[PDB]
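**Student:** To kick things off, part of the complex as it is:
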Amino acid sequence: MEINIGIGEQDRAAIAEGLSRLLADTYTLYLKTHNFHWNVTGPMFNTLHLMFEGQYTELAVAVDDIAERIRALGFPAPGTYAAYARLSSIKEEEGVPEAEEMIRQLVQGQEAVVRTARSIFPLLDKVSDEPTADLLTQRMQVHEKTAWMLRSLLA
Amino acid sequence: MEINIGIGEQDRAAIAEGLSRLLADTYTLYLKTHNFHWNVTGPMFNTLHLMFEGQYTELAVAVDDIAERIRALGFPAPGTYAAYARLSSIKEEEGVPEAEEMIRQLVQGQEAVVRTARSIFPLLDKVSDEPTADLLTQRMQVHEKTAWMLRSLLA
Amino acid sequence: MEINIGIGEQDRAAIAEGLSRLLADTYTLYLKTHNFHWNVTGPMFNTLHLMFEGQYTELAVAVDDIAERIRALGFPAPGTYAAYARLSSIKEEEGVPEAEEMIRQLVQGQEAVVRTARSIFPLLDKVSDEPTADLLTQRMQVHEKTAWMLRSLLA
Amino acid sequence: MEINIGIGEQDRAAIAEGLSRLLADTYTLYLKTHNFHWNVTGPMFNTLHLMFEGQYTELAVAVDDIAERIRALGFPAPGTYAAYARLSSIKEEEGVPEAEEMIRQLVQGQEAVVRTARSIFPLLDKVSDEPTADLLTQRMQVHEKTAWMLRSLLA
Amino acid sequence: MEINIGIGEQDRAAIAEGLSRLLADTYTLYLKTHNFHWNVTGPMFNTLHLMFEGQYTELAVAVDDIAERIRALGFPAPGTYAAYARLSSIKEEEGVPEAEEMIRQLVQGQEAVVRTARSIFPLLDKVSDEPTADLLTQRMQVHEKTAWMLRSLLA
Amino acid sequence: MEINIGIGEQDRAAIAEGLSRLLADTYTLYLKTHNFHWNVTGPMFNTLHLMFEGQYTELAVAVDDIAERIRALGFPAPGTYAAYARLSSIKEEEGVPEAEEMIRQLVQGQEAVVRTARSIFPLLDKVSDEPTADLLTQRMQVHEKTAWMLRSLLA
Amino acid sequence: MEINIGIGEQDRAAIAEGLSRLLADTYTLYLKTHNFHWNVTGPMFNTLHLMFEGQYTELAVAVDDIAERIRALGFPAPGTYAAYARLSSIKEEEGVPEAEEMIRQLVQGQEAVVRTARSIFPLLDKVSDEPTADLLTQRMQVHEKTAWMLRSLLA
């Protein structure tokens, strides 16, 4: 069926491409958060184990909402290691850093998702894609709150 | 009691008339979805009976939130067959189509409501009615997602 | 597949037409109750806003139960403005009455549905359709209880 | 201790005999629906697996309500394969039919239960046993609704 | 407001008087069951304490339903020691019987309420008050089942 | 089996005597609250119908706690119309007052229970029955708060 | 579609034959337990009515898991009176024994299912079917625990 929702095929494709970057970033942050949740040690084990669990749990829902916005726009959602490693702007950590370095990396990762989302807005303004604009806003709200919570631990 | 929320009486009346068409479209889609939920038949009965129940259940909430934004703006909310037929841009199915046709009509229904919501955004462009704009957006998200789920069934 | 439930084709169709009128009254009353819920004002707003909410929420379930008794009997359930306006015996209200008058009409509404339900029991005398007799009975109980609670507000 | 509920010993014994048949049909249908729930295959596996799950789950309460009405009437409730195969009128299926045939046998199964319920009302005409009457009524209504939903799959 | 539910004042008043007797019996049984719940002793304390608790909890809702059927019929619901002693046919117990006599007495209690219910049906023959007939049918269901459970303890 | 909880038999029997008055007062107020919940009418019906439901629901628990404290002191708990009419200091209402009068009587009912409770404290202090003293305190808290809400309606 | 789970077809068939016996035994104990739940009488009625309900409720889940392990091994699951009376090794009770004998029959029924499970392990060890061995282990845990609870009543 034709898709008649007030955005042309070429603009939908372009929003889908930006959202694909956002998805890869969110999913990469999801796995890293899940990773640090397993692997963190030291006197903050209990608090960071729990904190990270709440974060990756929220991220899993976000991954699903971002992907399904892509589907609503008429495009398949990417979902492989290869696609996400290419599309993602988050630094992957292959070892096991100390707790404070895990915290910093996760702070940076929240800001990376925010940065990716800020890059998509001018496009959304130009085509007046209000639903996608609201989704980006919610993600920034969540990632900027999570950033305050994480960095507060470092003071 | 004087209403002082930063939108003038004339402005609020135009917005209320906009939302009144959204409401009527939403309510008309509600009943059509409820109809098809009762009357669909075929090997897709169980999944369509259920999917349509989820849709009209969500729409019952939406009509109430729309009706009550009208009231917050200071105007009665319409609620009769006569006033919805007048305001509704959706054509009702008086018979019982095949299941594929039901699905096709419900996709068109979602798109009809998205259309009505887009027509109201300029009204707000002047007056700084952020709450109504968010409501229009939330409705576009829901209907654009439901469009995807419905049409995916055709493929 | 043939229907073999101890009721013949001609009878099932007659009972279906009966319930189609009960459906139409229940739904029209549902919409009016939901209407008054939005638009009532005065010192009884909170109590009436809440009472009418409870009422239309119950009626939404009743319409579904009535529609699906129709399908059980082997006939389509009606569900459009035009079909309900034809079949309905409910006094439509297009304006916004004072609170006391909303209560009064809502009382008459309950008694209208009771009346429609009573109009159907003779079709079940010779036929012995106990399920429909129980459905009719339950609606009478609910609508007569609601009539008491509403008219008590006037006294 | 004497049983004094307004029904004579020979009347109760006779209603119990009839409910013993209803129990045996319901239980036989329960087992068969559980059978199909496990063994059905084909593209409708997910919908029928769940649909048959919902039905046998409801029938598990039914068999218990029927048995305990027999105990209320002051007689033992039957509960062995031997007693249920004697009393049952459901055609038992020893193989694994295709999905469409599983559905038809369950449509018949519902109609078989309704038929048994109807054969019991005359016993109650003479004696005024309103509880048992309402039990047959509610069983008739569940099975007739279930039969609508099952046969809607075949069109 | 005129009450217009298909039962005239004179017939409504006769039913109300019948229900007032049923309300008084149910309530006197509620208090007796509550009494025994507190005062029973001996090896069956735990099982009877609990069983009786379940019975009086269900009776507390029944009195409310009966009383409110009387209001629906348009008459006041009795609620004083004086009025219940007058209307009630339950033999009050002023001492503390042994557990087995408590049980036998609560069996008689159940049968007594059934007896009162069985007496009201003729007033309904003439008038066709289907909601009230269903109320009595339910109460007979509950007390007859309860009577099976209670007397089973004595064998 | 002997009771050895730090209170001699005759002191326990005196405490139970007071608690029997408190019980009878609580149950009488329970029934009158239940009565007014059924029978109250006028503009306040919804709010009073509800408020009295919360009150009698609470009192039904209190009745049970008072009765079981009597049991714990080793005495039977009174539970008949005759014992409660004798023990109760609450004047019953055989008619149907206006709503403002219902409120008025229920306010005084709370104070009647507080008065019975206050009379028992000197005995509790004398024999140092801390649990009963705490129970009476809780009832006074509840009844005094309830009086404030009732009488707030009259201003 | 091919089944490739580390167990050859002939070995899976032999596992399915053992589980078909386990299934029939579990379902037979299910019906018997359900029977005794209905029909038991005497001073232990309340405790045995509830204890037997817990058991048959858990057995209903068990028959579903056993059946579906058969399905996962690639064979249809037996589900008729004929198949179960043939595959089952538990003597059914056609009558209504005393409470003490019902308990005894149920202890032995637990041991009967355990005995059938134990006969299957040498096969499971030979072919290394770890999931089925765990399923049998879980059944033995439940049946041996239930045996202890039942026989504890007789002492």
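**Tutor:** Cool, got the structure. Numbers count the residues shown, from 1 in each chain, chains lettered A, B, ... in the order given.
**Student:** only C-alpha atoms for contact and neighbour calcs from this point on.
**Tutor:** Noted.
**Student:** Would you mark the buried spots in the helix ranked longest in chain A?
**Tutor:** Ordering each helix of chain A by length in residues (DSSP state H) puts helix A:9-39 first. Neighbour-count burial for helix A:9-39, counted by 16 or more other C-alpha atoms under 10 Å in any protein chain shown, picks out A:11-13, A:15-30, A:32-37, A:39.
**Student:** swap in stretch A:117-128?
**Tutor:** Quick answer for stretch A:117-128 (16+ other C-alpha under 10 Å): A:117, A:120-121, A:124.
**Student:** Touching that stretch from outside, list them.
**Tutor:** When contacts are defined by C-alpha atoms under 8 Å, 6 or more residues apart in numbering or on different chains, stretch A:117-128 is touched by residues A:7, A:11, A:15, A:18-19, A:22, A:130, A:132-133, A:136, A:140.
**Student:** hmm, which two among those residues are most spread apart?
**Tutor:** Greatest spacing in the contacts of stretch A:117-128, by C-alpha to C-alpha: A:7 and A:140 (23.6 Å).
**Student:** neighbour-wise, which of these two wins?
**Tutor:** The neighbour comparison of residue A:7 against residue A:140 (other C-alpha atoms under 10 Å in any protein chain shown) goes to residue A:140, with 20 against 15.
**Student:** Report the contact partners of that one.
**Tutor:** A:113-114, A:117.
**Student:** do that again at 10 Å, thanks
**Tutor:** Residues in contact with residue A:140 (C-alpha atoms under 10 Å, 6 or more residues apart in numbering or on different chains) are A:110-111, A:113-118, A:134, A:146.
**Student:** Look up how far chain F lies from it.
**Tutor:** For residue A:140, the distance to chain F equals 45 Å [C-alpha to the nearest C-alpha, to the nearest Å].
**Student:** now the sequence for chain H, which goes on the structure above:
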Amino acid sequence: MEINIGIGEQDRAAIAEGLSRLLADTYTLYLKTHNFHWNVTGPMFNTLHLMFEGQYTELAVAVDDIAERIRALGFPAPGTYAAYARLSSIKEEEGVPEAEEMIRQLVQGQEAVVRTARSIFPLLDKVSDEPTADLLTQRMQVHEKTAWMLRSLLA
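**Tutor:** Okay, chain H now, added to the rest:
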């Protein structure tokens, strides 16, 4: 750690200052609503006791959410009597008005919060702080809905 969320320290501090006024208004209205909840009298006591409870409950969540957006922007959140007194624009009531005056003062308090929020948007449009704008918007939607409900009581 640096804060890199797309907004420079200077604009963040000014957004923080505007939110501090929003927080002080929200919290002052919270306490006043709590106050009126405790102290309102008259026939509308139940309705407003409950209504004001719902309002201050919601407002307690809102003060948390505003305070934590301030923290996410990198500034401390004010939380003292002195600070909220300096920062709030809401008239404080040192006595106990009549109910109508309580309603009117709370209608104005909604509108004052809405007005403080409208004063903040210019700053956020110039800086594309989408999360804070959504926060301001939700606050407006709630207070404007609350103002409809409250003023509706007066008519």
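**Student:** and the buried residues of helix A:9-39, now that chain H is part of it?
**Tutor:** By neighbour count with 16+ other C-alpha under 10 Å, helix A:9-39 contains the buried residues A:11-13, A:15-30, A:32-37, A:39.
**Student:** Now residue A:6: which helix or strand?
**Tutor:** In the assignment (DSSP states H and E), residue A:6 maps to no helix and no strand.
**Student:** Need the nearest residue in space to it, chain neighbours excluded.
**Tutor:** Counting by C-alpha to C-alpha, 6 or more residues apart in numbering or on different chains, the nearest residue to residue A:6 once its immediate chain neighbours are dropped is residue B:115, at 7.6 Å.
**Student:** Got the phi and psi for that neighbour?
**Tutor:** Main-chain dihedrals, residue B:115, degrees, to the nearest 10: phi -60, psi -60.
**Student:** quick one: it and chain H, what's the gap?
**Tutor:** Applying C-alpha to the nearest C-alpha to residue B:115 and chain H gives a distance of 23 Å.
**Student:** Wait, that residue touches residue A:4, no?
**Tutor:** Yes: under the criterion of C-alpha atoms under 10 Å, residue B:115 makes contact with residue A:4 at 8.8 Å.
**Student:** mind listing what residue A:63 touches?
**Tutor:** With C-alpha under 10 Å, 6+ apart, residue A:63 has these contacts: A:22-28, A:30.
**Student:** tell me the angle the strand or helix carrying it makes with helix A:9-39.
**Tutor:** For residue A:63, the host element (DSSP H and E) is helix A:45-72. Using axes from the mean of the first three to the mean of the last three C-alpha atoms, to 10 degrees, the inter-axis angle of helix A:45-72 relative to helix A:9-39 is 160 degrees.
**Student:** Please identify the buried residues of helix A:45-72?
**Tutor:** Neighbour count says helix A:45-72 has A:48-49, A:51-53, A:55-56, A:59, A:62-63, A:66-72 buried, by 16+ other C-alpha under 10 Å.
**Student:** following sequence is chain I, place it on the structure:
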Amino acid sequence: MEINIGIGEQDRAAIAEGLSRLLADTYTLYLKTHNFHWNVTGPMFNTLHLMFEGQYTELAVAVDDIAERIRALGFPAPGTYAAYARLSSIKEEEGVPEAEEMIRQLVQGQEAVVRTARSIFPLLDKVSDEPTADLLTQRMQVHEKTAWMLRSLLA
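**Tutor:** That brings us to chain I, laid onto the chains above:
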């Protein structure tokens, strides 16, 4: 309506003034705890953020219980910054202390409420106001427990 709960006007008024100080102390501790919840930083952020949230959530309910006991005594509940600044014995904090200092201050705050409540017992014993005495006792228990938990963090 007169207040008759066994305590004269003058005594009730002196109790209300004591409870007014208790309320002011509790609300002031409530806001300071909320303040610290928002603004604490350092490696204990997560544990203190959560701990302080549990504390202020509990104090919100205590605020409401203290104020409503004032009302039950027949006096209006104070609730404004002016009243609480006048009545409160708690040292307020206008900056953002280090985590260890926040803890120590919250310990002090617990002890200040205890101190205020201890100051009120002499009056309660002379007049036998048992409910208010139980209230103070519950507050002292809660605050002395919270003090153990807070001060345990310092060790």
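**Student:** can you check the contacts of stretch A:117-128 again with chain I included?
**Tutor:** A:6-8, A:11-12, A:14-15, A:17-19, A:21-22, A:25, A:111-112, A:129-133, A:135-137, A:139-140, B:118, H:5-6, H:128, H:130.
**Student:** Recalculate using a threshold of 8 Å.
**Tutor:** A:7, A:11, A:15, A:18-19, A:22, A:130, A:132-133, A:136, A:140, H:6.
**Student:** now it: how far from the chain's centre is it?
**Tutor:** 17 Å (C-alpha atoms, centre = their mean, to the nearest Å).
**Student:** where does chain A come near chain I, residue by residue?
**Tutor:** Taking C-alpha under 8 Å from any C-alpha of the partner chain as the contact definition, chain A meets chain I at A:47, A:149, A:152-155.
**Student:** switch the cut-off to 6 Å
**Tutor:** A:152-155 (C-alpha under 6 Å from any C-alpha of the partner chain).
**Student:** Narrow those residues to just the buried residues.
**Tutor:** A:152-154.
**Student:** Make TSV out of those and add secondary structure and distance to residue A:104.
**Tutor:** Output for those, formatted as TSV (DSSP: H, G, I helix; E, B strand; the rest coil; distance: C-alpha to C-alpha, whole Å):
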residue	secondary structure	distance to residue A:104
A:152	helix	11
A:153	coil	10
A:154	coil	8
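**Student:** Helix, strand, or coil at residue A:74?
**Tutor:** Per DSSP: H, G, I helix; E, B strand; the rest coil, the local secondary structure of residue A:74 is coil.
**Student:** Just put the residues of chain A next to chain I in TSV and tack on distance to chain F.
**Tutor:** Converted to TSV, the residues of chain A next to chain I look like this (distance: C-alpha to the nearest C-alpha, whole Å):
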residue	distance to chain F
A:152	44
A:153	45
A:154	48
A:155	48
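**Student:** Can you tell me which of the residues you listed is nearest residue H:106?
**Tutor:** residue A:152 (36.6 Å).
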